[PDB]
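This document opens with one chain alone, in structure tokens, the form deposited in one PDB entry.
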């Protein structure tokens, strides 16, 4: 008796999972011949390549637990194997007598490298590998091919290409396993009945004092519930315009499906279908790029450019990226990182990020503009790294793609348009309710100066119980001065990149 193995990495769902469904149908179409091991490998190597904050660890813990629970309802279970794939797979290929290995493809460089080696090993041991592109709606390889070898670098061109592509068929959940016994304990399982159990919170989250509120629980089950909840107002869905949603509403102004789509607890292809059904029902609706389908296409767009550039997350050796002289300033980077810049709007956002792990799209605009071309002149690679740690929806391609945009390094080139850290939030939150929440030490400043507390006289600062320089920092820079200087810096950079 040989085993069929589905390998989870992303695609942490049961629904719309061709690679997992295939394993399950195979076992039921040939009962008595196959054991079924759906695994997730706790890979220590990813930590040398990416940073993970406490809140995102918790999300994953919650995801794996839900995935295990959902697998049990199909007479299976999640096997969480600790260890490196390069050492894990030779062992289990033998100990398990693995006939077939399936998994969802991924375009990230670490994934590509790791997957190539696993496929070299699988080819040696005579293991059949079947891969599926289901993490995105479109296959970046096919998009690039259709565009004659190059990723479209504008959204409109990208849209014109995928319009001509076949939308894939969205699968349901696999059928339950018919008459399958529990796989026999292997070398590891016999010395430890729990060697493959889902990790506890204690095991994954080493810094639990950094956990913020539990608002967006992980797992395919919460993902589908949140999707259904977001689709209940079909008018809000059909008339969604992303630029008109607020960054600083106390309640999220968008769906906050990003963490779910990032881990694949929600199939983007299912989400897209559910959106097409509402658009069809609602004749007055928005169109890309501002619509919600448009939002999913921004995801697809950035996955496609990133599939073409292994260096997508850095400035050097990145085909798309303007080379800019970003300066090193540790102290300003620390202040930004910890929301101690002295600009209440920026600080409020960066504290919401660190506490909760999600901030609105245009709040990320604000704080990223400030770090890079706006104000501090600090490389976008540094904002990407802080974002990588803190974001529940951390996504190699989406994080890099949007930082290059916000920094006018690629895709976006109108660097003369600069967000004001004082003015930008006022449009949607003139009372500063968002600042009061996330910068509580300013909670007693009236609207007139809560965005600019340095316009309050010292006497009033003592009356509101927050003296700048003691209870809340002074501005680490003066926006009105640095942003003008930075525009000239950006113009010089653009000139140099144009002549090379």
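Shifts are known only where both forms have a C-alpha. So that the term is clear: the rigid core is the largest set of C-alpha atoms that superpose within 1.5 Å between two forms. Numbering follows the first chain given and starts at 1.
The same protein has a further form, the form deposited in another entry, not shown here; the description that follows concerns it.
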Worksheet item: Core fitted between this form and the one not shown: which of 469, 440, 446, 44 shows a C-alpha shift of 2 angstroms or more?
Response: 44
Practice prompt. Have a look at residue 46 and residue 397: in the other entry, are their Cα atoms closer together or farther apart than in this form, given the change is 3 Å or more?
Written response: farther
Worksheet, complete the sentence: Relative to the shown structure, Cα residue 313 and Cα residue 49 in the other entry (3 Å or more change) are farther
Discussion item. As a test: superpose on the rigid core, then list the runs of at least 3 residues whose Cα atoms all move 2 angstroms or more between this form and the one not shown.
Written reply: 43-50
